[PDB]
Structure formats: C-alpha cells, structure tokens
4 protein chains.
Amino acid sequence: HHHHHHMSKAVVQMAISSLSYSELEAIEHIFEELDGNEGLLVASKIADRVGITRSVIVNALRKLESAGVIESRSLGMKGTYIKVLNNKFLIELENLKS
Amino acid sequence: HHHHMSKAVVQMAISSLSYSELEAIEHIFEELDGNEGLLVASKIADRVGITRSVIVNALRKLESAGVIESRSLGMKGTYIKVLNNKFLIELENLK
Amino acid sequence: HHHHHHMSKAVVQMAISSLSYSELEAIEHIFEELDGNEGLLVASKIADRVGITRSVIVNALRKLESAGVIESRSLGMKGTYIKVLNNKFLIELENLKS
Amino acid sequence: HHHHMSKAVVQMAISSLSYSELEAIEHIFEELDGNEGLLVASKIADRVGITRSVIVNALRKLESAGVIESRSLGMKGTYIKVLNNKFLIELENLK
C-alpha cells in the first residue's frame, strides 16, 4: 500500500538522532507553536520559555534543514518562517512527546 | 537517548529493499527466535514461492547496513545473527 | 568550516543505496539532460535511450523525492518538471559517473 | 553495488557527532592501526585537551550506528574494533 514512506521515515529518524538533548527539547516547543505544516517562529519566545539561548534554537533548526526535513526563511524583522517538507516528521515529533 | 541512530539504521536498511525482498525477509524472520538461527534459501524458495536469489541479496543488504551477520556456513545452511537490537521490533509491522 | 553538510551527504548516500541498478543507470541520464539545478525531463527520451520502461524512470524518481533530495511536478502534457533540493546530490552523481 | 548503504551508515553516524566529538574520534583513530586496538579516555583527555566524557559518548554513538564495537574491558582500558569496512577511509577527511 504505503508506497514505502520508510525513506521519509528514515530521513526523519536520522535527522532526530543528530540533535542534542537540548536541541531535541527545543524542537518539541518549536513545532507546536506551529499551525500544522507551515508557520512562524519567534526564537526569543521559545528561548525565554525553555531557558536556552537562540543558538540552540538556530542549530536545531539548521540540522533539520540540512537533512531537508524543513525549510526556513528569514523574515528579518519579526520571526523566522518555517515550512515542513516531510509528512512523516510531525508524526515522529508528535509521537515521542515526553 | 542514542537508540534513534539505530532505528534510523533499521529504517534506512529496510527501505532499500525491493518489494519482493521485503516480503522474503518478512518470512526469513517469521522463521522465529529473535537473535540467531539458520536456514537455506533453497528451502524457503521451494516453499513460499520466491526465488532463492532474492533471499540471498535481501540478506546481503541487511548485512551491508550492519543490521545482521551471516557466516554462510559450508553449503549445508546459512547462519543468521541479528546484531542490531532494534531490528526485531521495527520489522514486525511491514509493507 | 563546512557547517556539517554531512547530513545532506548522508541523505543523498542513503537515497542512492536504495536505487536498483537499472534505477541508478536511469538516474545518470536523467540528471544530465538537466540544466544545473532545475529542469525538464521527458521520460520517453530517457526510456528510448537506455532501453528501459517509464516505470523505472518513474520509480527512481519517487525514491529520490521521498528521500527529499528532489521535488518533481507533472507538467501533464509534455515532460515532468524536476528540481534539485539538495546541493550535495549532483556531486555524488557527477562523482560516481561510470 | 551495496557499499553505498555502508557509506551512508558512516556519513549518518559521523554526522550526528558534536563538533568536539568529531575532533575526539579524529584522534582516537589517528591512534593508529585500522581495525582494532585500545586506549583509555583518561590518557587522551589529559593529552589532547578534551574531557574524558566526549570520548565516551562519541564512542557510544559510533557503536549505536553499528560502526564499531567496544568491550570496555575491566577498567584497565577500552577495546575498540571498527566493524564497518568503510569507516576507515570515510573518516580521514573530516571537519
């Protein structure tokens, strides 16, 4: 049936295993402030809430993007515009919520 | 903590398998226990109805992924050891 | 320096290892009819040339897309519009040309 | 043919390493040969200038990827075997 999504799973799985614990924790908050597949992130709000520096938000972000799971864009000014490219991602995230 | 790389490795490995190759290990591994044991690809081809080659390179792939090991014995069988903790569970639910 | 591209490499590497030999061979031709990063593919021309059916072209294609290396779009009519999303891909391709 | 999954596995593994973790195995593995041997993470921390923990979980990751194995001995060392053919070359050129 399932058109072997696996590949998309694998990718996500990989992406995740590379995150640090702080980066992982940062990710669950980031993708919950999201409105489904695309949205806007203000890193300060996340940073303030979780008690970590924007670097870890930023880095978490890069790691994901470099694995091609997301794509993200400078809205200079206010936040950063995030778009999920991989359907299986939010499952895993939503899954292992701890 | 680290068990994601391992999941990844499994999904990576299992996702490079041809559809018929997936089917074939599906059965190799329903030939139970869950660590080690053996068969011959003759006895599963003349049995499930899939040629003895798809068995042989389905294996060759899991083994290239590091997911398993196999001393192919001296012709009288082919010994399989799952050396990847998580292959076990991650297999089960498959298509 | 290199902002750990690795992840993008890994992804590509993975994508590749899943292709069949015919699918691999099909890929080198597809991505050479390309004009750099994006372009247009007519699968029949490829099929005719390499002597394989459109299914393998199509499948090769899916595998890549599902690993998020490319994205591809129905131009119904004429060809299929292909876009490379991963910078490290064409290196590997261009690399292992055989 | 199949040696791509293996490359993949290596790039996968090595890409999950922290920058300092990469640096640390860089040296663990310049402590040469190219299959097996040992050290202690005490003797490389009080040596290269990186703490003994980054050594320990850099290892834990390569080993979760299946790239290596380690019986951590009985405190008097820590035995390392690269069990992945291609880790060898793929390491070399690193950042």
# chains A, B, ... in the order shown; residues from 1 in each chain; ligands from 1
$ interface_residues --of "chain B" --to "chain A" --cutoff "10 Å" --atoms "only C-alpha atoms" --output "CSV table (one decimal) with N, CA and C atoms, in the first residue's frame"
chain,number,residue,atom,x,y,z
B,1,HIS,N,17.9,7.6,24.4
B,1,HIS,CA,18.9,8.7,24.0
B,1,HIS,C,19.5,8.4,22.6
B,2,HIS,N,20.4,7.4,22.5
B,2,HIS,CA,21.1,7.1,21.3
B,2,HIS,C,20.3,6.2,20.3
B,3,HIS,N,19.4,5.5,20.9
B,3,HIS,CA,18.6,4.5,20.1
B,3,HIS,C,17.9,4.9,18.9
B,4,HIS,N,17.8,6.2,18.6
B,4,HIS,CA,17.4,6.8,17.3
B,4,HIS,C,18.4,6.4,16.2
B,5,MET,N,19.7,6.6,16.3
B,5,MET,CA,20.6,6.2,15.2
B,5,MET,C,20.2,4.8,14.7
B,6,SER,N,20.1,3.9,15.7
B,6,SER,CA,19.7,2.5,15.5
B,6,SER,C,18.4,2.3,14.8
B,7,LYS,N,17.3,2.9,15.3
B,7,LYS,CA,16.0,3.0,14.5
B,7,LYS,C,16.4,3.4,13.1
B,8,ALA,N,17.0,4.6,13.0
B,8,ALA,CA,17.4,5.2,11.7
B,8,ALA,C,18.0,4.1,10.8
B,9,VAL,N,19.1,3.5,11.3
B,9,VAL,CA,19.8,2.5,10.6
B,9,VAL,C,18.8,1.4,10.0
B,10,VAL,N,17.9,0.9,10.9
B,10,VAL,CA,16.9,-0.1,10.5
B,10,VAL,C,16.0,0.5,9.4
B,11,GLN,N,15.4,1.6,9.6
B,11,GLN,CA,14.5,2.2,8.6
B,11,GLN,C,15.3,2.4,7.3
B,12,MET,N,16.6,2.9,7.4
B,12,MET,CA,17.4,3.1,6.3
B,12,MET,C,17.6,1.7,5.5
B,13,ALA,N,18.1,0.7,6.3
B,13,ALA,CA,18.3,-0.6,5.7
B,13,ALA,C,17.0,-1.1,5.0
B,14,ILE,N,15.9,-1.2,5.8
B,14,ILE,CA,14.7,-1.9,5.3
B,14,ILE,C,14.1,-1.1,4.1
B,15,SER,N,14.4,0.2,4.0
B,15,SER,CA,13.8,1.0,2.9
B,15,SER,C,14.6,0.9,1.6
B,16,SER,N,15.7,0.2,1.6
B,16,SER,CA,16.5,0.0,0.4
B,16,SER,C,16.2,-1.4,-0.2
B,17,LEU,N,15.3,-2.1,0.4
B,17,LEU,CA,14.9,-3.5,0.0
B,17,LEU,C,13.8,-3.4,-1.1
B,18,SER,N,13.9,-4.2,-2.1
B,18,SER,CA,12.8,-4.3,-3.1
B,18,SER,C,11.6,-4.9,-2.5
B,19,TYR,N,10.5,-4.7,-3.1
B,19,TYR,CA,9.2,-5.0,-2.5
B,19,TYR,C,9.1,-6.5,-2.2
B,94,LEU,N,5.1,-4.2,8.7
B,94,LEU,CA,5.9,-4.1,7.5
B,94,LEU,C,5.0,-4.1,6.2
B,95,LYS,N,5.5,-3.5,5.2
B,95,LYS,CA,4.8,-3.4,3.9
B,95,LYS,C,5.7,-3.1,2.7
$ calpha_fit_and_write --fixed "chain B" --moving "chain D" --output "mmCIF file with N, CA and C atoms, in the first residue's frame"
data_model
loop_
_atom_site.group_PDB
_atom_site.id
_atom_site.type_symbol
_atom_site.label_atom_id
_atom_site.label_comp_id
_atom_site.auth_asym_id
_atom_site.auth_seq_id
_atom_site.Cartn_x
_atom_site.Cartn_y
_atom_site.Cartn_z
ATOM 1 N N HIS D 1 17.881 7.640 24.354
ATOM 2 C CA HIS D 1 18.914 8.663 24.038
ATOM 3 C C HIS D 1 19.469 8.409 22.626
ATOM 4 N N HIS D 2 20.363 7.424 22.513
ATOM 5 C CA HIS D 2 21.098 7.134 21.274
ATOM 6 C C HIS D 2 20.333 6.217 20.337
ATOM 7 N N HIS D 3 19.365 5.485 20.884
ATOM 8 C CA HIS D 3 18.585 4.482 20.143
ATOM 9 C C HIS D 3 17.877 4.934 18.854
ATOM 10 N N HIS D 4 17.834 6.245 18.621
ATOM 11 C CA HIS D 4 17.412 6.780 17.329
ATOM 12 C C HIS D 4 18.362 6.437 16.173
ATOM 13 N N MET D 5 19.690 6.560 16.332
ATOM 14 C CA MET D 5 20.572 6.234 15.195
ATOM 15 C C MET D 5 20.215 4.829 14.725
ATOM 16 N N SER D 6 20.053 3.939 15.710
ATOM 17 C CA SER D 6 19.708 2.531 15.497
ATOM 18 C C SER D 6 18.386 2.332 14.763
ATOM 19 N N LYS D 7 17.304 2.933 15.266
ATOM 20 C CA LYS D 7 16.047 2.982 14.498
ATOM 21 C C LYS D 7 16.351 3.442 13.068
ATOM 22 N N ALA D 8 17.046 4.581 12.956
ATOM 23 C CA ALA D 8 17.394 5.165 11.665
ATOM 24 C C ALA D 8 18.028 4.106 10.814
ATOM 25 N N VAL D 9 19.100 3.500 11.327
ATOM 26 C CA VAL D 9 19.810 2.468 10.579
ATOM 27 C C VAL D 9 18.824 1.414 10.046
ATOM 28 N N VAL D 10 17.927 0.935 10.904
ATOM 29 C CA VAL D 10 16.945 -0.067 10.501
ATOM 30 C C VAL D 10 16.037 0.462 9.394
ATOM 31 N N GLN D 11 15.393 1.609 9.616
ATOM 32 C CA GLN D 11 14.541 2.164 8.576
ATOM 33 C C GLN D 11 15.341 2.387 7.299
ATOM 34 N N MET D 12 16.551 2.923 7.426
ATOM 35 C CA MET D 12 17.448 3.065 6.285
ATOM 36 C C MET D 12 17.603 1.743 5.540
ATOM 37 N N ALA D 13 18.072 0.723 6.252
ATOM 38 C CA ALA D 13 18.277 -0.604 5.663
ATOM 39 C C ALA D 13 17.020 -1.150 5.026
ATOM 40 N N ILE D 14 15.925 -1.170 5.779
ATOM 41 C CA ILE D 14 14.720 -1.861 5.325
ATOM 42 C C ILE D 14 14.102 -1.119 4.126
ATOM 43 N N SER D 15 14.404 0.168 4.006
ATOM 44 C CA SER D 15 13.837 0.995 2.936
ATOM 45 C C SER D 15 14.579 0.892 1.614
ATOM 46 N N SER D 16 15.679 0.159 1.608
ATOM 47 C CA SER D 16 16.462 -0.027 0.393
ATOM 48 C C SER D 16 16.163 -1.381 -0.232
ATOM 49 N N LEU D 17 15.253 -2.117 0.412
ATOM 50 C CA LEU D 17 14.865 -3.459 -0.006
ATOM 51 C C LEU D 17 13.783 -3.382 -1.069
ATOM 52 N N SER D 18 13.878 -4.235 -2.088
ATOM 53 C CA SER D 18 12.847 -4.299 -3.122
ATOM 54 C C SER D 18 11.610 -4.884 -2.481
ATOM 55 N N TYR D 19 10.462 -4.671 -3.106
ATOM 56 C CA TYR D 19 9.176 -5.039 -2.517
ATOM 57 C C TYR D 19 9.140 -6.543 -2.227
ATOM 58 N N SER D 20 9.646 -7.317 -3.181
ATOM 59 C CA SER D 20 9.723 -8.757 -3.047
ATOM 60 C C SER D 20 10.783 -9.161 -2.030
ATOM 61 N N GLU D 21 11.847 -8.352 -1.931
ATOM 62 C CA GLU D 21 12.917 -8.555 -0.942
ATOM 63 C C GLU D 21 12.403 -8.351 0.469
ATOM 64 N N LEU D 22 11.476 -7.408 0.628
ATOM 65 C CA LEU D 22 10.886 -7.137 1.923
ATOM 66 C C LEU D 22 10.065 -8.332 2.332
ATOM 67 N N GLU D 23 9.250 -8.805 1.396
ATOM 68 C CA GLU D 23 8.433 -9.980 1.579
ATOM 69 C C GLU D 23 9.279 -11.148 2.026
ATOM 70 N N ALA D 24 10.419 -11.350 1.372
ATOM 71 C CA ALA D 24 11.290 -12.502 1.664
ATOM 72 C C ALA D 24 11.898 -12.554 3.080
ATOM 73 N N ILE D 25 12.313 -11.405 3.615
ATOM 74 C CA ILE D 25 12.887 -11.364 4.966
ATOM 75 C C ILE D 25 11.778 -11.423 6.012
ATOM 76 N N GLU D 26 10.638 -10.822 5.667
ATOM 77 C CA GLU D 26 9.386 -10.976 6.392
ATOM 78 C C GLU D 26 9.210 -12.417 6.869
ATOM 79 N N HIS D 27 9.514 -13.365 5.980
ATOM 80 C CA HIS D 27 9.386 -14.803 6.250
ATOM 81 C C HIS D 27 10.654 -15.413 6.843
ATOM 82 N N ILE D 28 11.815 -15.037 6.323
ATOM 83 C CA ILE D 28 13.045 -15.470 6.942
ATOM 84 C C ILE D 28 12.950 -15.223 8.447
ATOM 85 N N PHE D 29 12.377 -14.088 8.827
ATOM 86 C CA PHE D 29 12.343 -13.698 10.237
ATOM 87 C C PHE D 29 11.095 -14.107 11.038
ATOM 88 N N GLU D 30 10.038 -14.523 10.340
ATOM 89 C CA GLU D 30 8.962 -15.290 10.978
ATOM 90 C C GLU D 30 9.392 -16.727 11.270
ATOM 91 N N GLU D 31 10.399 -17.219 10.539
ATOM 92 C CA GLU D 31 11.144 -18.422 10.937
ATOM 93 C C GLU D 31 11.939 -18.064 12.200
ATOM 94 N N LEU D 32 11.252 -18.259 13.323
ATOM 95 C CA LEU D 32 11.388 -17.446 14.535
ATOM 96 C C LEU D 32 12.692 -17.540 15.326
ATOM 97 N N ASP D 33 12.527 -17.509 16.646
ATOM 98 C CA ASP D 33 13.513 -16.972 17.567
ATOM 99 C C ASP D 33 13.674 -15.482 17.262
ATOM 100 N N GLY D 34 14.717 -14.871 17.802
ATOM 101 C CA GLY D 34 14.920 -13.452 17.603
ATOM 102 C C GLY D 34 16.310 -13.036 18.004
ATOM 103 N N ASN D 35 17.293 -13.674 17.381
ATOM 104 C CA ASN D 35 18.686 -13.300 17.551
ATOM 105 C C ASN D 35 19.480 -14.033 16.501
ATOM 106 N N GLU D 36 19.277 -15.347 16.446
ATOM 107 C CA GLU D 36 20.089 -16.219 15.616
ATOM 108 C C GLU D 36 19.368 -17.502 15.296
ATOM 109 N N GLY D 37 20.009 -18.315 14.467
ATOM 110 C CA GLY D 37 19.395 -19.487 13.864
ATOM 111 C C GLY D 37 19.826 -19.492 12.414
ATOM 112 N N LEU D 38 19.233 -20.378 11.615
ATOM 113 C CA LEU D 38 19.634 -20.543 10.211
ATOM 114 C C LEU D 38 18.482 -20.966 9.300
ATOM 115 N N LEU D 39 18.713 -20.878 7.993
ATOM 116 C CA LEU D 39 18.008 -21.725 7.029
ATOM 117 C C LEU D 39 18.848 -21.916 5.761
ATOM 118 N N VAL D 40 18.227 -22.443 4.714
ATOM 119 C CA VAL D 40 18.810 -22.401 3.390
ATOM 120 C C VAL D 40 17.786 -21.711 2.522
ATOM 121 N N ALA D 41 18.276 -20.940 1.556
ATOM 122 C CA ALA D 41 17.424 -20.193 0.634
ATOM 123 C C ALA D 41 16.761 -21.096 -0.410
ATOM 124 N N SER D 42 17.154 -22.370 -0.416
ATOM 125 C CA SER D 42 16.525 -23.407 -1.237
ATOM 126 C C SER D 42 15.201 -23.807 -0.599
ATOM 127 N N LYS D 43 15.227 -23.944 0.718
ATOM 128 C CA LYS D 43 14.085 -24.436 1.453
ATOM 129 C C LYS D 43 13.013 -23.379 1.688
ATOM 130 N N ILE D 44 13.338 -22.107 1.452
ATOM 131 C CA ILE D 44 12.332 -21.027 1.556
ATOM 132 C C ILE D 44 11.785 -20.588 0.171
ATOM 133 N N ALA D 45 12.559 -20.848 -0.886
ATOM 134 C CA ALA D 45 12.132 -20.594 -2.272
ATOM 135 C C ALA D 45 11.142 -21.651 -2.771
ATOM 136 N N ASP D 46 11.480 -22.919 -2.550
ATOM 137 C CA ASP D 46 10.611 -24.034 -2.916
ATOM 138 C C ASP D 46 9.511 -24.209 -1.863
ATOM 139 N N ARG D 47 9.155 -23.115 -1.184
ATOM 140 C CA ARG D 47 8.280 -23.157 -0.005
ATOM 141 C C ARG D 47 7.241 -22.034 0.009
ATOM 142 N N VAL D 48 7.720 -20.792 -0.067
ATOM 143 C CA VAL D 48 6.874 -19.592 -0.038
ATOM 144 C C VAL D 48 6.562 -19.123 -1.455
ATOM 145 N N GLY D 49 7.409 -19.520 -2.399
ATOM 146 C CA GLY D 49 7.232 -19.145 -3.790
ATOM 147 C C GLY D 49 7.960 -17.864 -4.147
ATOM 148 N N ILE D 50 9.205 -17.751 -3.695
ATOM 149 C CA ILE D 50 10.082 -16.671 -4.131
ATOM 150 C C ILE D 50 11.509 -17.167 -4.335
ATOM 151 N N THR D 51 12.119 -16.761 -5.444
ATOM 152 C CA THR D 51 13.352 -17.383 -5.913
ATOM 153 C C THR D 51 14.468 -17.239 -4.883
ATOM 154 N N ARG D 52 15.499 -18.067 -5.017
ATOM 155 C CA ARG D 52 16.492 -18.230 -3.961
ATOM 156 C C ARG D 52 17.505 -17.090 -3.977
ATOM 157 N N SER D 53 17.410 -16.234 -4.990
ATOM 158 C CA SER D 53 18.338 -15.120 -5.141
ATOM 159 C C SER D 53 17.882 -13.908 -4.334
ATOM 160 N N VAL D 54 16.584 -13.628 -4.382
ATOM 161 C CA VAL D 54 16.010 -12.502 -3.634
ATOM 162 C C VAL D 54 16.252 -12.665 -2.123
ATOM 163 N N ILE D 55 16.311 -13.921 -1.681
ATOM 164 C CA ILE D 55 16.689 -14.274 -0.321
ATOM 165 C C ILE D 55 18.130 -13.867 -0.088
ATOM 166 N N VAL D 56 18.982 -14.182 -1.056
ATOM 167 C CA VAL D 56 20.413 -14.011 -0.896
ATOM 168 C C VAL D 56 20.841 -12.551 -0.920
ATOM 169 N N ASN D 57 20.244 -11.715 -1.764
ATOM 170 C CA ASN D 57 20.657 -10.306 -1.680
ATOM 171 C C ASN D 57 19.803 -9.380 -0.773
ATOM 172 N N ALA D 58 18.649 -9.876 -0.320
ATOM 173 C CA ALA D 58 17.922 -9.230 0.783
ATOM 174 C C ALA D 58 18.806 -9.284 2.021
ATOM 175 N N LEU D 59 19.375 -10.466 2.252
ATOM 176 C CA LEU D 59 20.348 -10.691 3.310
ATOM 177 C C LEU D 59 21.586 -9.804 3.141
ATOM 178 N N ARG D 60 22.179 -9.852 1.944
ATOM 179 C CA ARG D 60 23.396 -9.105 1.633
ATOM 180 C C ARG D 60 23.238 -7.613 1.977
ATOM 181 N N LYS D 61 22.024 -7.090 1.815
ATOM 182 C CA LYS D 61 21.713 -5.696 2.147
ATOM 183 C C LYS D 61 21.603 -5.407 3.664
ATOM 184 N N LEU D 62 20.939 -6.298 4.402
ATOM 185 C CA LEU D 62 20.780 -6.117 5.829
ATOM 186 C C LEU D 62 22.158 -6.154 6.427
ATOM 187 N N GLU D 63 22.971 -7.067 5.900
ATOM 188 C CA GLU D 63 24.356 -7.239 6.333
ATOM 189 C C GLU D 63 25.276 -6.086 5.922
ATOM 190 N N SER D 64 25.005 -5.431 4.797
ATOM 191 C CA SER D 64 25.791 -4.246 4.434
ATOM 192 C C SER D 64 25.424 -3.067 5.328
ATOM 193 N N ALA D 65 24.161 -3.022 5.776
ATOM 194 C CA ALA D 65 23.674 -1.969 6.678
ATOM 195 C C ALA D 65 24.231 -2.154 8.076
ATOM 196 N N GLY D 66 24.796 -3.341 8.317
ATOM 197 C CA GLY D 66 25.329 -3.733 9.623
ATOM 198 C C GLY D 66 24.274 -4.360 10.519
ATOM 199 N N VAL D 67 23.058 -4.510 10.000
ATOM 200 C CA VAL D 67 21.882 -4.906 10.778
ATOM 201 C C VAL D 67 21.988 -6.372 11.221
ATOM 202 N N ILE D 68 22.693 -7.175 10.434
ATOM 203 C CA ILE D 68 22.844 -8.603 10.748
ATOM 204 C C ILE D 68 24.223 -9.128 10.353
ATOM 205 N N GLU D 69 24.545 -10.329 10.801
ATOM 206 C CA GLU D 69 25.707 -11.021 10.263
ATOM 207 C C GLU D 69 25.379 -12.451 9.854
ATOM 208 N N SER D 70 26.144 -12.943 8.884
ATOM 209 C CA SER D 70 25.933 -14.277 8.367
ATOM 210 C C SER D 70 27.214 -14.957 7.899
ATOM 211 N N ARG D 71 27.652 -15.956 8.656
ATOM 212 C CA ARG D 71 28.545 -16.945 8.084
ATOM 213 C C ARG D 71 27.650 -17.879 7.280
ATOM 214 N N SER D 72 27.845 -17.870 5.965
ATOM 215 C CA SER D 72 27.009 -18.645 5.044
ATOM 216 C C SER D 72 27.272 -20.157 5.127
ATOM 217 N N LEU D 73 27.883 -20.571 6.241
ATOM 218 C CA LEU D 73 28.297 -21.957 6.502
ATOM 219 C C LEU D 73 29.114 -22.573 5.355
ATOM 220 N N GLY D 74 29.208 -23.899 5.330
ATOM 221 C CA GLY D 74 29.890 -24.595 4.246
ATOM 222 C C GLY D 74 28.920 -25.298 3.312
ATOM 223 N N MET D 75 27.907 -24.560 2.838
ATOM 224 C CA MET D 75 26.863 -25.040 1.890
ATOM 225 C C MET D 75 25.648 -25.744 2.540
ATOM 226 N N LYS D 76 25.813 -26.229 3.769
ATOM 227 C CA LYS D 76 24.779 -27.021 4.438
ATOM 228 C C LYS D 76 23.736 -26.161 5.155
ATOM 229 N N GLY D 77 23.893 -24.845 5.061
ATOM 230 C CA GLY D 77 22.914 -23.910 5.590
ATOM 231 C C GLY D 77 23.420 -22.499 5.388
ATOM 232 N N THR D 78 22.789 -21.547 6.076
ATOM 233 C CA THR D 78 23.286 -20.166 6.155
ATOM 234 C C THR D 78 22.892 -19.456 7.478
ATOM 235 N N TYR D 79 23.885 -19.300 8.351
ATOM 236 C CA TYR D 79 23.686 -18.844 9.729
ATOM 237 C C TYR D 79 23.457 -17.335 9.838
ATOM 238 N N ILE D 80 22.363 -16.961 10.497
ATOM 239 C CA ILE D 80 21.964 -15.562 10.638
ATOM 240 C C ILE D 80 21.965 -15.096 12.088
ATOM 241 N N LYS D 81 22.649 -13.985 12.342
ATOM 242 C CA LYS D 81 22.587 -13.328 13.632
ATOM 243 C C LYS D 81 22.157 -11.871 13.454
ATOM 244 N N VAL D 82 21.033 -11.500 14.059
ATOM 245 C CA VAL D 82 20.627 -10.089 14.137
ATOM 246 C C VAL D 82 21.517 -9.473 15.180
ATOM 247 N N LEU D 83 22.312 -8.491 14.792
ATOM 248 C CA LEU D 83 23.237 -7.893 15.744
ATOM 249 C C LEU D 83 22.776 -6.481 16.152
ATOM 250 N N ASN D 84 21.674 -6.058 15.538
ATOM 251 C CA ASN D 84 21.053 -4.763 15.804
ATOM 252 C C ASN D 84 19.812 -4.895 16.674
ATOM 253 N N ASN D 85 20.039 -4.729 17.974
ATOM 254 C CA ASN D 85 18.992 -4.609 18.988
ATOM 255 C C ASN D 85 17.573 -4.366 18.423
ATOM 256 N N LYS D 86 17.404 -3.257 17.702
ATOM 257 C CA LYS D 86 16.084 -2.743 17.318
ATOM 258 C C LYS D 86 15.489 -3.252 16.008
ATOM 259 N N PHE D 87 16.211 -4.085 15.272
ATOM 260 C CA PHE D 87 15.669 -4.600 14.017
ATOM 261 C C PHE D 87 14.420 -5.399 14.313
ATOM 262 N N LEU D 88 14.552 -6.238 15.336
ATOM 263 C CA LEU D 88 13.493 -7.044 15.936
ATOM 264 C C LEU D 88 12.093 -6.406 15.843
ATOM 265 N N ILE D 89 11.886 -5.332 16.609
ATOM 266 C CA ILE D 89 10.566 -4.720 16.763
ATOM 267 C C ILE D 89 10.182 -3.986 15.492
ATOM 268 N N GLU D 90 11.155 -3.255 14.956
ATOM 269 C CA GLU D 90 10.954 -2.354 13.825
ATOM 270 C C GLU D 90 10.498 -3.083 12.561
ATOM 271 N N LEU D 91 10.859 -4.364 12.466
ATOM 272 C CA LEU D 91 10.430 -5.236 11.379
ATOM 273 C C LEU D 91 8.919 -5.472 11.485
ATOM 274 N N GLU D 92 8.520 -6.364 12.388
ATOM 275 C CA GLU D 92 7.112 -6.671 12.666
ATOM 276 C C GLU D 92 6.071 -6.053 11.711
ATOM 277 N N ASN D 93 5.935 -4.732 11.767
ATOM 278 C CA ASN D 93 4.849 -4.045 11.079
ATOM 279 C C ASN D 93 5.294 -3.449 9.748
ATOM 280 N N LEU D 94 5.065 -4.188 8.668
ATOM 281 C CA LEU D 94 5.885 -4.066 7.469
ATOM 282 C C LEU D 94 5.028 -4.125 6.208
ATOM 283 N N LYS D 95 5.487 -3.455 5.156
ATOM 284 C CA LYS D 95 4.766 -3.432 3.888
ATOM 285 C C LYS D 95 5.696 -3.078 2.732
#
$ select_by_dssp --residues "chain C" --states "alpha helix (DSSP H)" --output "ChimeraX atom specification"
/C:6-18,21-30,43-50,54-66,87-95
$ closest_residue --among "C:46, C:24, C:85, C:52" --to "chain A" --atoms "only C-alpha atoms"
C:85
$ residues_around --residues "residue 94 in chain A" --least-positions-apart "6" --cutoff "12 Å" --atoms "only C-alpha atoms" --output "VMD selection string"
chain A and resid 27 to 32 36 87 to 88
$ closest_residue --among "A:82, A:40, A:56, A:19" --to "chain C" --atoms "only C-alpha atoms"
A:19
$ select_by_dssp --residues "chain B" --states "strand (DSSP E or B)" --output "list in words"
residues 36, 37, 38, 39, 68, 69, 78, 79, 80, 81 and 82 of chain B
$ residues_around --residues "residue 43 in chain C" --least-positions-apart "2" --cutoff "12 Å" --atoms "only C-alpha atoms" --output "PyMOL selection string"
chain C and resi 26-27+29-31+33+40-41+45-61+74-75+78-82
$ atom_distance --atom1 "CA of residue 71 in chain C" --atom2 "CA of residue 65 in chain A"
15.2 Å
$ atom_distance --atom1 "CA of residue 44 in chain C" --atom2 "CA of residue 93 in chain C"
21.3 Å
$ closest_residue --among "C:42, C:77, C:23, C:70" --to "residue 90 in chain C" --atoms "only C-alpha atoms"
C:70
$ atom_distance --atom1 "CA of residue 66 in chain A" --atom2 "CA of residue 95 in chain C"
20.5 Å
